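Please treat every number below as a calculation from the coordinates, not as lab data. Using ideal geometry, Cβ is built from the backbone for each residue, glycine included, and neighbour counts are taken over all protein chains shown.
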Amino acid sequence: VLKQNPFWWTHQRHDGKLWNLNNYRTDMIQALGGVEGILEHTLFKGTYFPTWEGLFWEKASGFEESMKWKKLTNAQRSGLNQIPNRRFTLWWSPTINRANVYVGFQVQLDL
Amino acid sequence: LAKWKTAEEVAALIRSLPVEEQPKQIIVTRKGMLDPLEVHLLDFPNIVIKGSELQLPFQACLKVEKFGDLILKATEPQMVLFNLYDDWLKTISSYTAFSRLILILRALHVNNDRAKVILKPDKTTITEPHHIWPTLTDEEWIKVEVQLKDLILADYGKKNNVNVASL
Amino acid sequence: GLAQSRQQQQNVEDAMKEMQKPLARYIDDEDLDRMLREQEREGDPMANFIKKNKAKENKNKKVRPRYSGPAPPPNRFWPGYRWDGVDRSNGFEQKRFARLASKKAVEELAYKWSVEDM
Amino acid sequence: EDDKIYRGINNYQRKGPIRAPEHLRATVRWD
Amino acid sequence: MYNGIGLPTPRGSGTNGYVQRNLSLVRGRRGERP
Amino acid sequence: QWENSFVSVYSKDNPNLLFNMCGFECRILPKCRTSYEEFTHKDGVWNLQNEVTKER
Amino acid sequence: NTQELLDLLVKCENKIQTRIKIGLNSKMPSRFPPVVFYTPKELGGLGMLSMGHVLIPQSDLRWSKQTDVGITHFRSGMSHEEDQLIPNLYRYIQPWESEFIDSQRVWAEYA
Amino acid sequence: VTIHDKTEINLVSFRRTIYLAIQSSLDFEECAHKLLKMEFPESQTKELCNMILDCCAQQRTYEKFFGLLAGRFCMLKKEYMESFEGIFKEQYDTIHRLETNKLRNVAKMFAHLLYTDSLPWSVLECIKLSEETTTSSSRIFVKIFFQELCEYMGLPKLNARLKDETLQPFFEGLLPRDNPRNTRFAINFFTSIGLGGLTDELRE
RNA sequence: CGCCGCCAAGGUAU
């Protein structure tokens with residue numbers, strides 16, 4: 001089956017997890033600060049979130065065992081999903097749209 | 001006369017600190033200092049002085065020992081600068097830090113005895129010298145929080161003869 | 001019979017931790033560097049230099065003797081087992097121990113199952 | 001070497017919010 | 001290129017250049033300013 | 001076939017035993033034919049020892 | 001030890017950086033920072049592991065093909081030098097010989 | 001008008017970025033580079049070397065990378081060797097706090113320095129071999145210490161260099177030729193640790 | 001010893 005495995009030499013239920021990278025994430029946090037995204041991302045117009053530790057991400061029908069057995073003709077089957085690519089662009093909005101790197105042509109939408 | 005001697009040193013602290021670190025609002029304790037701060041902050045007009053309903057037991061800060069030996073043994077107005085959010089900002093926010101700090105300080109205020117013994121739950125609750133709070137895991141952080149708010153509710157129910165579960 | 005003795009022990013430890021000790025204990029503390037020198041610390045060749053053999057003295061909570069050393073099953077609450085407690089039960093300790101181990105396994109697999117397409 | 005007058009928050013030891021050009025309006029278009 | 005080396009293609013790879021000097025070297029005399 | 005094979009030799013003229021294995025190649029350099037011994041404690045360098053006499 | 005693979009990782013890491021930059025049609029260091037990348041999925045982002053900020057080594061090119069000279073003339077990796085110190089992954093992965101020397105004594109003490 | 005800061009954020013904020021420079025930057029030639037290049041003033045050197053100790057103390061299984069960075073300093077500038085040794089003598093005489101892991105990582109940490117030298121052979125004057133006055137975790141600190149230093153030097157090349165140096169009698173480790181107690185206790189210990197590479201007859 | 005700075009056709013049919 002066509003998925004090329006980079007783990008041909010091991011699988012975890014016989015020789016075990018031979019590496020536990022857990023503190024690299026915490027040291028990434030301590031290297032970029034605990035406010036590494038809160039100053040950048042608009043958490044403030046997310047809600048009134050004062051804690052930012054109870055924050056939780058996408059869970060609703062991620063695996064999606066049997067969606068509802070529709071037809072899935074050409075593009076909704078094989079094409080990529082546009083909603084993570086737009087919610088990620090929505091998530092870093094003031095620091096993908098910052099006003100003072102190129103301060104020239106700006107294009108405001110209607111309303 | 002302490003209410004007039006305090007505001008001069010407060011204004012000297014405002015003049016000593018830089019521009020981005022001076023406050024836009026000061027929440028004082030019970031009112032005796034709105035007009036002294038008003039006449040002493042003439043050089044900084046944009047600071048709001050307000051007396052709110054959030055009294056805080058900093059007198060319970062005189063019950064801990066590192067503040068207590070520093071306040072009792074001094075030959076100079078030293079103007080020390082310490083930190084109470086020891087290593088919490090790496091893991092939690094300032095919001096949970098305040099919601100923990102004022103509960104532990106109120107528990108130390110109403111009963112220093114059991115709030116003192118709760119903060120050392122085991123014999124492996126060491127404290128580094130550059131901090132004042134002990135170092136322990138998050139489950140026993142919220143466990144200490146639950147038993148100290150139970151201490152505060154039990155002290156209220158013992159003082160005013162009020163059923164705790166009936167509130 | 002022993003729960004009140006446990007209450008007396010925790011109250012006298014409470015009194016010695018409150019009426020004489022400060023709010024926070026440091027590294028030195030004049031107690032913890034004694035306990036660190038009084039640790040077990042396995043991997044010590046000097047154990048057999050001072051000890052002859054693991055004998056059986058009157059090692060009991062009371063004056064009365066204690067049951068010998070076979071292996072009793074665990075029961076989640078570390079007991080005073082004595083006077084012939086030979087492993088008879090209906091199988092409720094092992095069942096819920098397997099239940100809690102299975103719960104600790106399925107929370108690990110459920111975090112994996114939730115974190116798949118994120 | 002650690003004189004503990006402490007100087008402020010960030011001084012314990014141009015990026016970030018960059019300054020706007022004061023001499024400029026951004027050329028706005030209606031998209 | 002101070003002495004021998006550098007990079008002929010800074011636009012090919014995802015770097016900019018600026019080889020530093022190894023401060024962890026050990027020898028007798030290396031300074032020219034003092 | 002000769003083109004996909006690889007032969008190497010340690011002798012009195014070749015002080016080095018080089019071979020590839022399982023995706024990544026290595027080589028044995030003995031301590032006896034080093035005038036000054038290499039540093040061997042700083043990187044992907046790990047030493048070999050004789051278990052009958054405990055020395056590297 | 002392999003310098004030519006440390007160059008290849010720096011070449012391909014900035015290349016997938018640029019591939020994500022051209023998806024936004026930005027290609028800017030200041031508008032589109034690497035803070036967007038090096039943040040975990042639990043707090044939000046993409047989540048990647050740095051090997052460009054390792055300060056790849058060099059040597060004397062006249063004698064590099066000739067003789068093992070040692071270590072001289074460190075070369076910078078990525079174009080990020082504002083002292084954030086994004087950590088490397090390998091410093092939190094247990095090495096080979098440490099794992100073998102631990103495994104021998106662990107199985108010996110287990111028996 | 002002037003403040004005092006009894007919070008050390010100048011210390012811990014320092015101790016963070018040398019946990020970090022050496023978290024980034026693979027091998028030891030680059031960590032040393034970056035550390036040098038930050039021009040750390042001399043006052044802080046004891047704390048730097050102490051942080052290089054600490055960081056090593058906590059990595060799962062020990063990584064030889066630390067007795068290499070550590071050594072690179074420890075013979076680079078005169079100071080690092082002095083400060084660093086101070087960290088040893090300071091270190092063993094407590095060593096009851098951390099145990100069973102950090103104790104091993106730090107022990108092998110020092111054995112690695114001794115073996116690769118870049119540290120005076122007399123750091124051992126502090127090790128007090130007693131069996132009355134040694135305590136537990138001290139004892140299995142020094143255990144894995146020698147037993148782990150054993151094979152690097154091998155037994156003979158250790159046996160000599162331990163003794164042959166003539167000027168050796170700075171220590172109480174082996175040479176306690178004193179009362180027939182701590183003398184007998186040495187022999188017994190090194191036989192239990194499974195080296196027995198030095199045992200003598202002082203019993204006449 | 002210090003790379004790199006982005007428009008459009010590609011889709012809401014004729």
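When the Cα positions of G:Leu24, G:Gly45, G:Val10 are compared along the charge dipole of the range G:1-77, G:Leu24 comes out farthest toward the positive end, with charges on each C-beta of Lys, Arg, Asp and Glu.
Cross-link check: pairs B:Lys120/B:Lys159; H:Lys78/H:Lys108; B:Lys116/C:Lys21; C:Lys21/H:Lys89; B:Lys123/B:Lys158 evaluated at a Cα-Cα cut-off of 19 Å; pairs beyond the cut-off: B:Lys120/B:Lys159; H:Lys78/H:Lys108; C:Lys21/H:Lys89; B:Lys123/B:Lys158. Relative to its residue count, chain A spans a Cα convex hull of 291 Å³ per residue. Of the cross-linked pairs B:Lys63/H:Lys6; B:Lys66/C:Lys17; G:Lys21/G:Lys41, not one is separated by over 22 Å at the C-alpha level. Evaluated with a Cβ-only charge set (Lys, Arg +1; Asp, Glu -1), chain A carries a dipole of roughly 560 debye about its Cα centre, given to the nearest 20. Going by alpha carbons, how many degrees (0 to 90, nearest 10) lie between the helix axis of H:182-192 and the longest principal axis of chain H? Here the helix axis deviates by roughly 80 degrees.
Here B:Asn46 and G:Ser30 are evaluated by their C-beta separation; at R0 = 51 Å the FRET efficiency comes out at 0.95. In bins 5 Å wide, starting from 0, what share of all Cα pairs of the range B:6-138 does each bin hold, as a percent? Distribution as computed: 2, 8, 14, 17, 19, 17, 12, 7, 3, 1, 0 percent. 3J(HN,Hα) along the range H:93-98, derived from phi through the Karplus expression 6.51 cos²θ - 1.76 cosθ + 1.60 where θ = phi - 60°, amounts to 5, 9, 6, 9, 7, 4 Hz, with x in place of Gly and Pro.
Along the charge dipole of the range C:1-110, pointing to its positive end and built from +1/-1 on Cβ of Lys, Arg, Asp and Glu, which listed residue (C:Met19, C:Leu36, C:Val63) has its Cα farthest out? Farthest towards the positive end: C:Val63.
Look at H:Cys74, F:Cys26, G:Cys12 and count the other Cβ atoms within 10 Å of each Cβ; fewest to most, that gives F:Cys26, G:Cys12, H:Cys74. Under 5 Å between amide hydrogens, built in the peptide plane, is the criterion, and for G:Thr72 it picks out G:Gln58 among residues at least 5 positions away or on other chains.
Modelled label positions at B:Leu56 and E:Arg27, each set 7 Å beyond Cα in the direction of Cβ, lie 5.9 nm from each other. The angle between the Cα long axis of helix G:96-110 and the main principal axis of chain G comes to about 50°, on a 0 to 90 degree scale. Take every pair of alpha-carbon atoms less than 8 Å apart whose residues are at least six positions apart; their mean separation over the length of chain F yields a relative contact order of 16 percent.
Label separation (H:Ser13 vs C:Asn48): 5.6 nm, computed from points 7 Å beyond Cα along the C-beta direction. For the protein assembly as shown, a crude dipole built from +1 on the beta carbon of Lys and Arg and -1 on the beta carbon of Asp and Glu, taken about the Cα centre, is about 2200 debye to the nearest 20. Ranking B:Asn83, B:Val144, B:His131 by how far each Cα lies toward the positive end of the dipole of the range B:82-167 (charges on Cβ) leaves B:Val144 at the top. Placing unit charges on the Cβ atoms only, positive for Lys and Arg and negative for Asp and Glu, gives chain G a dipole magnitude near 700 debye about its Cα centre. Backbone phi angles across the range H:36-47, fed through the Karplus curve with coefficients 6.51, -1.76 and 1.60 (θ = phi - 60°), yield HN-Hα couplings of 3, 4, 8, 6, 5, x, 5, 3, 8, 5, 4, 6 Hz in residue order; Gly and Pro are listed as x. Its alpha carbons considered, the protein assembly as shown gives a radius of gyration followed by a Dmax of 32.6, 105 Å. With respect to chain B, whose longest principal axis is taken over its alpha-carbon atoms, helix B:2-16 is tilted by about 80°. Computed from the C-beta positions of H:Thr94 and H:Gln168, the FRET efficiency with R₀ = 30 Å rounds to 0.75.
In whole percent, what relative contact order does chain H give with Cα contacts below 8 Å and a gap of six or more residues? Don't skip to the end; give the middle numbers.
Working: 192 pairs, mean separation 34.5, N = 204.
Here the relative contact order equals 17 percent.
Kindly list the residues of chain D that lie in the label zone of A:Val35, defined by a backbone N under 16 Å from the point 7 Å along the Cα-to-C-beta vector. Residues D:8-12, D:16-18 fall inside that zone. Under a 5 Å amide H cut-off, with hydrogens placed 1.01 Å from N, H:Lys128 pairs with nothing among residues at least 5 apart or on other chains.
May I ask which of B:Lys24/B:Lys73; B:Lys90/H:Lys77; B:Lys31/D:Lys4; A:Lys17/H:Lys102; B:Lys90/H:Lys46; B:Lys50/D:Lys4 have a Cα-Cα span longer than 24 Å here? All intermediate terms of the calculation are to be shown ahead of the outcome.
Numbers: B:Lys24/B:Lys73 34 Å; B:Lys90/H:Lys77 35 Å; B:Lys31/D:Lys4 34 Å; A:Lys17/H:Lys102 22 Å; B:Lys90/H:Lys46 26 Å; B:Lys50/D:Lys4 31 Å.
With Cα atoms farther than 24 Å apart: B:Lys24/B:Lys73; B:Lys90/H:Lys77; B:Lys31/D:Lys4; B:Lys90/H:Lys46; B:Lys50/D:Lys4.
Given a Förster distance of 56 Å, report the FRET efficiency between C:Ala105 and H:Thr199 from their Cβ-Cβ distance, rounded to the nearest 0.05. Efficiency, from the Cβ-Cβ distance: 0.60.
Report the relative contact order of the range B:51-167, percent, no decimals, based on alpha-carbon pairs under 8 angstrom and at least 6 residues apart. Show your work: numbers first, answer last.
Working: 72 pairs, mean separation 30.8, N = 117.
Normalised by residue count, the contact order of the range B:51-167 is 26 percent.
One decimal place: the segment C:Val12-C:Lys61 gains 15.9 nm when fully extended, by the rule 0.36 nm per residue minus the C-alpha distance. Residue by residue, the range H:65-78 carries 3J(HN,Hα) couplings of 3, 7, x, 10, 3, 3, x, 3, 4, 4, 10, 9, 10, 4 Hz when phi is fed to the Karplus relation 6.51 cos²θ - 1.76 cosθ + 1.60 (θ = phi - 60°); x denotes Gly or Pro. Taking amide H positions as modeled 1.01 Å from N, with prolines and chain starts lacking one, the residues under 5 Å from B:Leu81 and 5 or more places away or on another chain are H:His4, H:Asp5, H:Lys6, H:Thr7.
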